[PDB]
Amino acid sequence: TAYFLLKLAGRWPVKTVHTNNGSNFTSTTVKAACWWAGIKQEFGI
Amino acid sequence: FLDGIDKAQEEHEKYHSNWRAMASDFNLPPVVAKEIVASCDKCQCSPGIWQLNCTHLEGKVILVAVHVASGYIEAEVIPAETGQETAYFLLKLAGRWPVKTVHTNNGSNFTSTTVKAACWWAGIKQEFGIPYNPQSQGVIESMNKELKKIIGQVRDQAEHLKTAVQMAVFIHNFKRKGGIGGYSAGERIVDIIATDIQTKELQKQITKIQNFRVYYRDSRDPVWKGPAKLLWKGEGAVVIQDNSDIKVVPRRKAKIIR
Amino acid sequence: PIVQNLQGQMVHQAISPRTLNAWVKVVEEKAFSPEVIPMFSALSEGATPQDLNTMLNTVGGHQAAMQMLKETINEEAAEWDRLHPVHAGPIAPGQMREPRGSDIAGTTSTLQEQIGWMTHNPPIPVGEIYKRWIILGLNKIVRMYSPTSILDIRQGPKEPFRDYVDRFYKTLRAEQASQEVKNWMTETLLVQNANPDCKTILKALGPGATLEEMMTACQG
Amino acid sequence: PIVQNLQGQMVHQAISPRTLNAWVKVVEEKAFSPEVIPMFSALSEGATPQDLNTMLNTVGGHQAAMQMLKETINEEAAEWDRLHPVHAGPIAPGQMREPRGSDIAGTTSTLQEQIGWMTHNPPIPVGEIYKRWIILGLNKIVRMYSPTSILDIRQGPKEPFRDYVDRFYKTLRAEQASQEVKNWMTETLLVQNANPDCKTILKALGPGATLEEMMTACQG
Amino acid sequence: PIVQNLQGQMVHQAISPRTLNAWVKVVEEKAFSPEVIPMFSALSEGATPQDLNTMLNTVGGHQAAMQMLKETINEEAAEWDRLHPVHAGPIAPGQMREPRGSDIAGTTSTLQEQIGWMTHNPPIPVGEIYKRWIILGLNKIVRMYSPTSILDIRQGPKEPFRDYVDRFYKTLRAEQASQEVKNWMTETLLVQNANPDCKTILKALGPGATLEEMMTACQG
Amino acid sequence: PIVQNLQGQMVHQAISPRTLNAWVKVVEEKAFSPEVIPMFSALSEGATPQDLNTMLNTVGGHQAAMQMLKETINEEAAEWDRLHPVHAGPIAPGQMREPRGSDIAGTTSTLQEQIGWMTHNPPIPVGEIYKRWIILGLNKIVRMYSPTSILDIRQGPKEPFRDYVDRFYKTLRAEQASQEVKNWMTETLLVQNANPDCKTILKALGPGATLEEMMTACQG
Amino acid sequence: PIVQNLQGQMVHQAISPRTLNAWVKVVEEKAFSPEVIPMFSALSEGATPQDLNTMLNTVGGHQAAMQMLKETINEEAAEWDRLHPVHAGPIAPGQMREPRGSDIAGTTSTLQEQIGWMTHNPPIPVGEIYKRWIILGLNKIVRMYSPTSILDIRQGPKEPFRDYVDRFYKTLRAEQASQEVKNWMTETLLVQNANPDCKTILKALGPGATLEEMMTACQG
Amino acid sequence: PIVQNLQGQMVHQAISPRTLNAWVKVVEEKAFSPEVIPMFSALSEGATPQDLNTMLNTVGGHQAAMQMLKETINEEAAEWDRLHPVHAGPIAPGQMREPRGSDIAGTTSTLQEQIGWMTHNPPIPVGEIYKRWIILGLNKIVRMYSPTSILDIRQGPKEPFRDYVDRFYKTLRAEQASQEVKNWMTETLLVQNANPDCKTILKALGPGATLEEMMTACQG
Ligand SMILES: O=P(O)(O)O[C@H]1[C@H](OP(=O)(O)O)[C@@H](OP(=O)(O)O)[C@H](OP(=O)(O)O)[C@@H](OP(=O)(O)O)[C@H]1OP(=O)(O)O
Ligand SMILES: O=P(O)(O)O[C@H]1[C@H](OP(=O)(O)O)[C@@H](OP(=O)(O)O)[C@H](OP(=O)(O)O)[C@@H](OP(=O)(O)O)[C@H]1OP(=O)(O)O
Ligand SMILES: [Zn+2]
């Protein structure tokens, strides 16, 4: 999931992602990648 | 400067980009960007750089100089391939535009003693080889081939080669609108020179600042730390650097010693 | 190296280029880690001390390790010389005295001397002593190259415990200690740095709970 | 390893670097899939236990499985010691005494002792016992790394049955159970977890029909 | 595997890791196509049934094919048992009895039995029988793997006949039948299912024409 | 492949996997071109017809050419049968009759017959005849696979003469014709199918010359 | 190729695929650079003219150089035929007449003729003569394929002397002439075609100075 | 190279292509450094001067160093001619004559007389002398290719001590001098150019301190 997130960041500029409280979406790798890319996180849609 | 120093430090730790990029992105003086870049263990002026090229047309040699930051064009045909005429053109463009570094390519006429003396008199550092900018290599040749395309088109409506070439370069400089922004090359080059003047005013304002050893206090702690090098004072706060760390402290928590 | 022939006496041959190429490439691609300690031995069976030095000298970079192992080789040579005193007097024809501290390192001995010593009766395990000195040097160099201790490992707030215990064991192996210390740290340290849910599950399991039940309990 | 000489007798030899390099790379590259179990027996035939240990210690990472197999080897050695009493008394040369729980693993036995055991009459397949202990350790490692059980595989509404049966058998080979239970589950689950058309074809074919006719008739 | 020694008797040899790696990669990567059937006989010449079993079970994925092959091996073992009755009585001195159904598969016989059988006088080509059973399994699995038959292949009007005749030959060689039936197919269907323009051109040319003039007739 | 022992007899051996793997890889990546014709002759020295047919059947794709060469082999075998006197009746002890049409192709004759024929006194070069038949088949196949003729190639206005003459000789080498007409055509139209400037330069150089001068003048 | 036999009679040896693969890859990889001249002579030591022709025909593309070398081979074979007197008189069994111009090239001569010439006493250096002919052909090909002269190399004012001397020697080796002229040019053009500062430094150093002295002095 | 048969004699063999390929690729991919000195010495063991010069000439790039080492080879040949007396007059038949400066360089000695020199009684190690000449030339080349001197080494304010000591020892190895001055430098110079904190730390440590204590105390 973090790999796909960083790939889509590399292919398109994303500043905010809306996901649920899933473990995969909140995983350590995903959080590290999104904080490294400077992308804001919003949980709950 | 509204907490932009921390953002610049994070961006340089994650990317290690050019100092001017951080200065422009976060609206910061170049000094803090340079010191942030120097803080990086793995890391160590676009205006004023021109590129010169030679071409053959109608059995005659034409020399064209083009800027890198703005792409302003100057061109002239030379009756005979001699270093004296190239030196004359170099000194004329030095006396017409502010030139700091003349970049060229390999050439017998570029290595003449006359051009070396001319550039030494003007104090302009000259070199040839790989372009200084890692990008925009193709810009020079694309502009040259656009000029070559337009000179043949406008030749039929002119009586002399030199007049046609100068009219074509005038059209390219002024009467040819680009893409992003959509204005003349003269407008972008004058904007670049104006921003250079403003940055030099900022540089002299920083030159007004000097050693001015300053002690600082953080979070109302009973201890006073220092000394720290003064970087800037304004808006009721002072930004300083020490031990490769740059921070902004309110004036009420700092003292300045001459 | 020196290997046996087909129903014949031991003979010497040059080191195969494949072996040294594999050694140097695995040294350069992989940092100094415990797993290289046995591999080197598998690549140094029946090798003369001169061949060992030749293989050692081909390593590129990390010259601090080379200096450390050279110093340890020198000190072990001095220890061998002082414990086994240098006997004096002429040697009978057809025999040579025991290798010295400089002889085991190969700096003052030719290949012919190594061949004569290896096949001598009684056999002289000079190459084996040099190999064990290199093993001690590798142990201390992998102690040096380990950047983290074992008491400062903590599982993340929701990090999976699989790679956590994996790296815990990996760092534990690179630690020079005693068997009882290892038993104590594998009994106590791992449970004190785990996520609350399955760490309290482990505390419910009590002492002696082997890692299979602990990993099947911490699932999910 | 132990390789027979050209029209001669069995002689000891060291493990070739190519074989161990291929083994370690194929182990570390993809995963701990069950297919490592056969390939292991294709690379460790007629090999002394110390070479098995050398091949074992070269694994990069995955130390939890290493601890698992070490503990299982220790407990199996204890079981072997407790079931087989120690034969004391004077021991004739050439035919050494019974190996202990540490001698079978090779942690204390030397190369000469292992060669003597290999050449001892009656034969001592201690290396084979260690190999089968490693096989059991690999089986429980596969159990550790099994993604899921077999009791939850369901064919997709439009997924072709080929991939379904392929992954069903892939999971089945990793299961640990008796042969009769495996036959029962491969007879039942396949027909109970299929698409409506494939399962109606199956029930039209009736019981006792092998998978061949099943997946040649369910085609389309 | 099994290779005769120069100026000596046949001796057992360990399996080359490169051969196994090449076999498994070529099986897994390309396809289940007929051309792998001869390649198998290139990599299985003179090998014990255990070697064939190890080569077979090391493949990753396509476990349905492996199950089908195992079932066909079991049924061929039953066929061998029924055609050759189980001979009772004492074992002849130095002459082990003929392999049983479970013995040819190698699941119940140790390697020494096959080693003795291979060198026994008269020789027992049980490994060749197992290889032929594996060949039959490969033939049936490559038959079922073919997605299309030869009676329904049609040529599109908007592509050259090159790839059409190519795929026609692919499907022709992927089907198992008598040689005369294949000759009849390659004599009739090659022209009965072509593009109309090429069909009329070949009818004008008349029967009994080679494929070279057929392809050079209506190029483009 | 079958090989002769030094100062000894002729012993049959299996084809090494390296040769077959290299052959199949070079066939796959280097789709039929003239330079592949020598390659086969470099990889078939001292090989039995069974080995030739095995390495022939391992090819993947382009089976139309394979069927063409199979048909040419069959017709050449028929020609050999109808031309060479076919002997029957009694056969002298210790000798066997010459291989027939089916025997040279290897479809019916067993490997032992080929081994006996190769070591026979006088030896039978059946394998070499099969190899030359395959060579003729490959020649006609590469003639078929010609992208275009040789009299239609031209030189572009922005095309240097270097790659022009390169492709000219590449297409010319793919022509199966007499050497005299080849020399005649390579001396006249090689300039007639070029760019006018270097054409007139060569014409001013004189009608016909050494091509080194004609390429040095045409430089730039 | 022709390999000497251990205290016996030499016999023909098959060509290893490794040499062919390496030759073709190194030929296709970089260029027709002078470094291929020694490499070729390393891959064709003691090879028959048939082996040399087989190696020659393996190359792919760049057929113009092939035509150059074929024409040079033809002309030098004609020269050899015209200079060497034609053999006369009966040819005794076990001996053969002097190879023709076509036989040395290996186009028509068979391997048996080459073996007979090799075993003839005294041996005929036909292979060596053909190899040196190929060497001359490659030398002239490299001469053609050099897109620069020796007198046009210029050193930039800020260009380091390192790559200047490097390219100077590259062009010196690319140029073929007498050794005295090479010495004269490497002694004169080096100082005469440098930057003014290092030019005056070399003039101060005086004539006949070793290149190490000038390269150490020009630093900076 | 000259190799010994298994319980046989010394015979000549052709150079394996893989050895020279590995040599040239490791030369072209790795910049000149002292560690290439052992790598060259471990591959050319027991090699005739012909193999030495073929390996030397196949190197592509940095031909200035090649010319420098050729010049040093010529001067060493002159030294050999001038210090070792030239045995004037025709030596009696049956004994190989004294090798000349060109003979040791391999520029005039063919393989036959090289082998004769190898087998002469007493043995003439001309190959070893040429190898040591090449070693001296390569030492001079690596001295030339040293990026910087040793007295200008300075640890940066933010430069880690590990990298500083690694590069210090790298340049120390790159320095050509006696062992005594090497010890003096490694005992005095390194502490002088360190960061102030570790400088004061090492000053507190005092003399007679091993580098391990220094590196452990300098951390942080
Ligand atoms: O030289 P390359 O073209 O890269 O081919 C090599 C070479 O094999 P060959 O000499 O048969 O071509 C290697 O052999 P060494 O040079 O190490 O002696 C071999 O390594 P192994 O023989 O040890 O397996 C390696 O294989 P790999 O890339 O798997 O390490 C293989 O490469 P290719 O498999 O791509 O031909
Ligand atoms: O099997 P062959 O065709 O005779 O070639 C072998 C093979 O090398 P490749 O698999 O790369 O061809 C051997 O490797 P193994 O099969 O034993 O693993 C290798 O042995 P080493 O790995 O010890 O080098 C041996 O070389 P040697 O005869 O020097 O032992 C070499 O033979 P060639 O060198 O003649 O090709
Ligand atoms: Zn940086």
# chains A, B, ... in the order shown; residues from 1 in each chain; ligands from 1
$ residues_around --residues "residue 60 in chain H" --least-positions-apart "5" --cutoff "8 Å" --atoms "only C-alpha atoms" --output "PyMOL selection string"
(chain G and resi 35) or (chain H and resi 24+28)
$ calpha_fit_rmsd --fixed "chain H" --moving "chain G"
1.2 Å
$ residues_near_ligand --ligand "ligand 2" --cutoff "9 Å" --atoms "only C-alpha atoms and all ligand atoms" --output "ChimeraX atom specification"
/C:16-18 /D:16-19 /E:16-19 /F:16-19 /G:16,18 /H:16
$ residues_near_ligand --ligand "ligand 3" --cutoff "9 Å" --atoms "only C-alpha atoms and all ligand atoms" --output "PDB file with N, CA, C and O atoms, in the first residue's frame"
ATOM      1  N   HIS B  12      15.561  19.925   2.590  1.00  0.00           N
ATOM      2  CA  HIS B  12      16.948  19.675   2.218  1.00  0.00           C
ATOM      3  C   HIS B  12      17.460  18.351   2.771  1.00  0.00           C
ATOM      4  O   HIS B  12      18.354  17.739   2.179  1.00  0.00           O
ATOM      5  N   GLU B  13      16.927  17.901   3.908  1.00  0.00           N
ATOM      6  CA  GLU B  13      17.287  16.583   4.416  1.00  0.00           C
ATOM      7  C   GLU B  13      16.647  15.465   3.606  1.00  0.00           C
ATOM      8  O   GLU B  13      17.220  14.374   3.515  1.00  0.00           O
ATOM      9  N   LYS B  14      15.479  15.709   3.013  1.00  0.00           N
ATOM     10  CA  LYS B  14      14.818  14.668   2.235  1.00  0.00           C
ATOM     11  C   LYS B  14      15.176  14.723   0.752  1.00  0.00           C
ATOM     12  O   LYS B  14      15.059  13.712   0.052  1.00  0.00           O
ATOM     13  N   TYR B  15      15.620  15.879   0.257  1.00  0.00           N
ATOM     14  CA  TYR B  15      15.908  16.059  -1.162  1.00  0.00           C
ATOM     15  C   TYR B  15      17.302  16.588  -1.463  1.00  0.00           C
ATOM     16  O   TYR B  15      17.880  16.182  -2.479  1.00  0.00           O
ATOM     17  N   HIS B  16      17.853  17.476  -0.633  1.00  0.00           N
ATOM     18  CA  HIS B  16      19.136  18.131  -0.892  1.00  0.00           C
ATOM     19  C   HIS B  16      19.093  18.895  -2.217  1.00  0.00           C
ATOM     20  O   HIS B  16      19.849  18.629  -3.154  1.00  0.00           O
ATOM     21  N   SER B  17      18.177  19.860  -2.276  1.00  0.00           N
ATOM     22  CA  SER B  17      17.949  20.651  -3.474  1.00  0.00           C
ATOM     23  C   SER B  17      18.846  21.888  -3.478  1.00  0.00           C
ATOM     24  O   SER B  17      19.619  22.136  -2.549  1.00  0.00           O
ATOM     25  N   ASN B  18      18.738  22.678  -4.543  1.00  0.00           N
ATOM     26  CA  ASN B  18      19.526  23.896  -4.663  1.00  0.00           C
ATOM     27  C   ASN B  18      19.030  24.957  -3.684  1.00  0.00           C
ATOM     28  O   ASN B  18      17.840  25.038  -3.370  1.00  0.00           O
ATOM     29  N   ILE B  36      21.863  26.346   5.225  1.00  0.00           N
ATOM     30  CA  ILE B  36      21.183  25.059   5.325  1.00  0.00           C
ATOM     31  C   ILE B  36      21.835  24.042   4.399  1.00  0.00           C
ATOM     32  O   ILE B  36      22.039  22.880   4.774  1.00  0.00           O
ATOM     33  N   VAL B  37      22.174  24.460   3.177  1.00  0.00           N
ATOM     34  CA  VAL B  37      22.853  23.564   2.244  1.00  0.00           C
ATOM     35  C   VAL B  37      24.209  23.148   2.799  1.00  0.00           C
ATOM     36  O   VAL B  37      24.591  21.972   2.731  1.00  0.00           O
ATOM     37  N   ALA B  38      24.958  24.102   3.358  1.00  0.00           N
ATOM     38  CA  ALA B  38      26.260  23.786   3.937  1.00  0.00           C
ATOM     39  C   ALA B  38      26.131  22.882   5.156  1.00  0.00           C
ATOM     40  O   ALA B  38      27.062  22.132   5.472  1.00  0.00           O
ATOM     41  N   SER B  39      24.996  22.944   5.858  1.00  0.00           N
ATOM     42  CA  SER B  39      24.782  22.052   6.994  1.00  0.00           C
ATOM     43  C   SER B  39      24.708  20.593   6.558  1.00  0.00           C
ATOM     44  O   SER B  39      24.992  19.695   7.358  1.00  0.00           O
ATOM     45  N   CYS B  40      24.329  20.340   5.308  1.00  0.00           N
ATOM     46  CA  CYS B  40      24.253  18.975   4.808  1.00  0.00           C
ATOM     47  C   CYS B  40      25.654  18.395   4.646  1.00  0.00           C
ATOM     48  O   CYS B  40      26.542  19.039   4.081  1.00  0.00           O
ATOM     49  N   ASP B  41      25.848  17.173   5.148  1.00  0.00           N
ATOM     50  CA  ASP B  41      27.170  16.557   5.096  1.00  0.00           C
ATOM     51  C   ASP B  41      27.517  16.062   3.697  1.00  0.00           C
ATOM     52  O   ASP B  41      28.700  15.982   3.349  1.00  0.00           O
ATOM     53  N   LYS B  42      26.516  15.725   2.887  1.00  0.00           N
ATOM     54  CA  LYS B  42      26.755  15.191   1.552  1.00  0.00           C
ATOM     55  C   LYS B  42      26.619  16.239   0.455  1.00  0.00           C
ATOM     56  O   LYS B  42      26.623  15.880  -0.727  1.00  0.00           O
ATOM     57  N   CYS B  43      26.499  17.517   0.810  1.00  0.00           N
ATOM     58  CA  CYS B  43      26.397  18.592  -0.165  1.00  0.00           C
ATOM     59  C   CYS B  43      27.414  19.677   0.160  1.00  0.00           C
ATOM     60  O   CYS B  43      27.843  19.838   1.305  1.00  0.00           O
ATOM     61  N   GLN B  44      27.796  20.420  -0.873  1.00  0.00           N
ATOM     62  CA  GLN B  44      28.757  21.506  -0.728  1.00  0.00           C
ATOM     63  C   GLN B  44      28.326  22.722  -1.540  1.00  0.00           C
ATOM     64  O   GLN B  44      27.383  22.651  -2.328  1.00  0.00           O
TER      65      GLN B  44
END
$ closest_atom_pairs --of "chain E" --to "chain D" --cutoff "6 Å" --atoms "only C-alpha atoms" --output "Markdown table"
| residue | atom | partner | partner_atom | distance |
| --- | --- | --- | --- | --- |
| E:8 | CA | D:7 | CA | 5.7 |
| E:58 | CA | D:35 | CA | 5.7 |
| E:62 | CA | D:166 | CA | 6.0 |
| E:63 | CA | D:166 | CA | 5.5 |
| E:64 | CA | D:166 | CA | 5.4 |
$ write_last_selection --atoms "N, CA, C and O atoms" --output "mmCIF file, in the first residue's frame"
data_model
loop_
_atom_site.group_PDB
_atom_site.id
_atom_site.type_symbol
_atom_site.label_atom_id
_atom_site.label_comp_id
_atom_site.auth_asym_id
_atom_site.auth_seq_id
_atom_site.Cartn_x
_atom_site.Cartn_y
_atom_site.Cartn_z
ATOM 1 N N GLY E 8 36.506 -47.367 -16.596
ATOM 2 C CA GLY E 8 36.065 -47.864 -15.303
ATOM 3 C C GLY E 8 34.582 -48.151 -15.319
ATOM 4 O O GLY E 8 33.877 -47.863 -16.290
ATOM 5 N N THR E 58 10.481 -30.308 -7.705
ATOM 6 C CA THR E 58 11.085 -29.010 -7.414
ATOM 7 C C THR E 58 10.406 -27.863 -8.152
ATOM 8 O O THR E 58 10.753 -26.701 -7.912
ATOM 9 N N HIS E 62 1.671 -24.606 -10.730
ATOM 10 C CA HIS E 62 1.102 -25.640 -11.598
ATOM 11 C C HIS E 62 0.990 -26.981 -10.879
ATOM 12 O O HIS E 62 1.262 -28.035 -11.458
ATOM 13 N N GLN E 63 0.586 -26.945 -9.606
ATOM 14 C CA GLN E 63 0.515 -28.158 -8.800
ATOM 15 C C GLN E 63 -0.562 -29.120 -9.281
ATOM 16 O O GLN E 63 -0.507 -30.308 -8.946
ATOM 17 N N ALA E 64 -1.541 -28.637 -10.050
ATOM 18 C CA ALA E 64 -2.525 -29.541 -10.638
ATOM 19 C C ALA E 64 -1.858 -30.516 -11.599
ATOM 20 O O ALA E 64 -2.193 -31.707 -11.623
#
$ interface_residues --of "chain A" --to "chain B" --cutoff "12 Å" --atoms "only C-alpha atoms" --output "VMD selection string"
chain A and resid 33 35 to 38
$ closest_atom_pairs --of "chain G" --to "chain B" --cutoff "9 Å" --atoms "only C-alpha atoms" --output "JSON lines"
{"residue": "G:156", "atom": "CA", "partner": "B:106", "partner_atom": "CA", "distance": 8.0}
{"residue": "G:157", "atom": "CA", "partner": "B:111", "partner_atom": "CA", "distance": 7.6}
{"residue": "G:158", "atom": "CA", "partner": "B:127", "partner_atom": "CA", "distance": 8.8}
$ write_last_selection --atoms "N, CA, C and O atoms" --output "PDB file, in the first residue's frame"
ATOM      1  N   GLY G 156      43.118  21.560 -24.919  1.00  0.00           N
ATOM      2  CA  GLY G 156      42.482  22.777 -24.474  1.00  0.00           C
ATOM      3  C   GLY G 156      43.317  23.510 -23.445  1.00  0.00           C
ATOM      4  O   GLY G 156      44.140  22.912 -22.743  1.00  0.00           O
ATOM      5  N   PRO G 157      43.126  24.829 -23.341  1.00  0.00           N
ATOM      6  CA  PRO G 157      43.924  25.607 -22.375  1.00  0.00           C
ATOM      7  C   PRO G 157      43.760  25.142 -20.937  1.00  0.00           C
ATOM      8  O   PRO G 157      44.732  25.161 -20.171  1.00  0.00           O
ATOM      9  N   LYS G 158      42.557  24.725 -20.545  1.00  0.00           N
ATOM     10  CA  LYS G 158      42.316  24.182 -19.214  1.00  0.00           C
ATOM     11  C   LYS G 158      42.161  22.666 -19.224  1.00  0.00           C
ATOM     12  O   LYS G 158      41.871  22.077 -18.178  1.00  0.00           O
TER      13      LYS G 158
END
$ interface_residues --of "chain A" --to "chain C" --cutoff "10 Å" --atoms "only C-alpha atoms" --output "VMD selection string"
chain A and resid 23 26 to 29
$ write_last_selection --atoms "C-alpha atoms" --output "PDB file, in the first residue's frame"
ATOM      1  CA  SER A  23      -4.580  -1.171   9.472  1.00  0.00           C
ATOM      2  CA  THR A  26      -2.470   3.448   8.796  1.00  0.00           C
ATOM      3  CA  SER A  27       0.521   1.099   8.473  1.00  0.00           C
ATOM      4  CA  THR A  28       3.978   2.256   9.535  1.00  0.00           C
ATOM      5  CA  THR A  29       5.316   2.208   5.969  1.00  0.00           C
TER       6      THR A  29
END
$ residues_around --residues "residue 203 in chain D" --least-positions-apart "3" --cutoff "12 Å" --atoms "only C-alpha atoms" --output "ChimeraX atom specification"
/D:188,190-192,194,196-200,206-209,214,217-218
$ select_by_dssp --residues "chain F" --states "helix (DSSP H, G or I)" --output "ChimeraX atom specification"
/F:17-29,36-42,49-57,63-83,101-105,111-118,126-144,161-173,179-192,196-205,211-217
$ select_by_dssp --residues "chain A" --states "strand (DSSP E)" --output "compact mmCIF listing (two decimals) with N, CA, C and O atoms, in the first residue's frame"
# COMPACT_ATOMS: atom_id res chain seq x y z
N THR A 16 -3.76 15.48 -0.11
CA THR A 16 -4.62 14.93 0.93
C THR A 16 -5.23 13.63 0.42
O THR A 16 -5.64 13.53 -0.73
N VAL A 17 -5.28 12.63 1.30
CA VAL A 17 -5.86 11.33 0.98
C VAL A 17 -6.91 11.00 2.03
O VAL A 17 -6.69 11.16 3.23
N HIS A 18 -8.08 10.55 1.56
CA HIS A 18 -9.20 10.20 2.42
C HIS A 18 -9.31 8.68 2.47
O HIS A 18 -9.67 8.04 1.47
N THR A 19 -9.02 8.10 3.63
CA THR A 19 -9.09 6.66 3.83
C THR A 19 -9.81 6.41 5.15
O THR A 19 -10.15 7.34 5.88
N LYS A 40 -1.10 15.41 3.63
CA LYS A 40 -2.00 15.42 4.78
C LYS A 40 -2.91 14.19 4.76
O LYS A 40 -3.30 13.69 3.70
N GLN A 41 -3.24 13.70 5.95
CA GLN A 41 -4.05 12.51 6.12
C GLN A 41 -5.39 12.89 6.75
O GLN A 41 -5.43 13.68 7.69
N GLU A 42 -6.47 12.33 6.21
CA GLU A 42 -7.81 12.53 6.76
C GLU A 42 -8.49 11.17 6.85
O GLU A 42 -8.62 10.47 5.84
N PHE A 43 -8.92 10.80 8.05
CA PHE A 43 -9.60 9.53 8.27
C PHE A 43 -11.10 9.75 8.42
O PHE A 43 -11.54 10.70 9.08
$ residues_around --residues "residue 77 in chain F" --least-positions-apart "5" --cutoff "8 Å" --atoms "only C-alpha atoms" --output "MDAnalysis selection string"
chainID F and resid 100:102 104:105
$ write_last_selection --atoms "C-alpha atoms" --output "tab-separated table (two decimals), in the first residue's frame"
chain	number	residue	atom	x	y	z
F	100	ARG	CA	18.42	-46.66	-44.60
F	101	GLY	CA	16.27	-43.59	-45.19
F	102	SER	CA	14.52	-43.95	-41.83
F	104	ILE	CA	19.67	-41.61	-41.21
F	105	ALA	CA	16.76	-39.47	-40.00
$ atom_distance --atom1 "CA of residue 212 in chain B" --atom2 "CA of residue 240 in chain B"
11.2 Å
$ residues_around --residues "residue 190 in chain B" --least-positions-apart "2" --cutoff "12 Å" --atoms "only C-alpha atoms" --output "PyMOL selection string"
chain B and resi 47+69-72+97-98+183-188+192-197
$ residues_around --residues "range 109-119 of chain H" --least-positions-apart "4" --cutoff "9 Å" --atoms "only C-alpha atoms" --output "list in words"
residues 2, 10, 11, 12, 48, 49, 50, 96, 97, 99, 102, 103, 104, 105, 123, 124, 125, 126 and 127 of chain H
$ atom_distance --atom1 "CA of residue 51 in chain B" --atom2 "CA of residue 66 in chain B"
5.4 Å
$ closest_residue --among "H:9, H:82, H:21, H:150" --to "ligand 1" --atoms "only C-alpha atoms and all ligand atoms"
H:21
$ atom_distance --atom1 "CA of residue 70 in chain H" --atom2 "CA of residue 177 in chain H"
22.9 Å
